[PDB]
Amino acid sequence: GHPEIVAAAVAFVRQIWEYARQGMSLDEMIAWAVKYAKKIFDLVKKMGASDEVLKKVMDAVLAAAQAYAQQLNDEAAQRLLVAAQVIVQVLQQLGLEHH
Numbered sequence: 083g084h085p086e087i088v089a090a091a092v093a094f095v096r097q098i099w100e101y102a103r104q105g106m107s108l109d110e111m112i113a114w115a116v117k118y119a120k121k122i123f124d125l126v127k128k129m130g131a132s133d134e135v136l137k138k139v140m141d142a143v144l145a146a147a148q149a150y151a152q153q154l155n156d157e158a159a160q161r162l163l164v165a166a167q168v169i170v171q172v173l174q175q176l177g178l179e180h181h
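Each position in the sequence shown, counted from 1, maps to that position plus 82 in this note's numbering.
Following this line, the structure appears as structure tokens:
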């Protein structure tokens, strides 16, 4: 029950969509993705949110990326989807490290 965290995660994906639209390199987009994944996980951890919340956040990140890929040219959309996959991979691993 933390819709503000889900909305924050979507907003971070929107930031990376802006980066992609501006022609940002894939390597820099991934660097931003990792930074934002850590920020998103901190929200989950500091709010004492459940594993279920973390799963809802991961689902929203992927869905947000798929949505915003429709507002990009082919290459930028491909890069956004890679960056968003990295966000979810980092979130999942941080959740496992948390226990």
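The beta carbon of each residue, even a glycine, is placed where N, CA and C say it ideally should be.
Item: Nearest by alpha-carbon distance to residue 181: which of 127, 146, 83, 101 is it?; Value: 127
Item: Please list, in chain order, all residues of the same chain as residue 146 whose beta carbon is under 6 Å from its beta carbon, the five residues on each side excluded.; Value: 92, 95
Item: What does a CB cutoff of less than 8 Å around residue 115 pick up in its chain, not counting 5 residues either side in sequence?; Value: 98, 165, 166, 168, 169, 172
Item: Report buried or exposed for residue 89, applying the criterion of at least 16 other Cβ atoms within 10 angstroms of its Cβ.; Value: exposed
Item: Comparing alpha-carbon positions, which option in 149, 161, 153, 130 lies nearest residue 177?; Value: 130
Item: Relative to the alpha-carbon of residue 110, which residue among 84, 158, 83 has its alpha-carbon at the smallest distance?; Value: 158
Item: Indicate the three-state DSSP secondary structure (helix, strand or coil) for residue 54 in the structure shown.; Value: Nothing can be reported for residue 54, as the shown portion of the chain is limited to 83 through 181.
Item: If distances are taken between C-alpha atoms only, which option among 137, 120, 102 comes closest to residue 83?; Value: 137
Item: Considering Cα atoms alone, identify which of 118, 133, 175, 105 is closest to residue 143.; Value: 118
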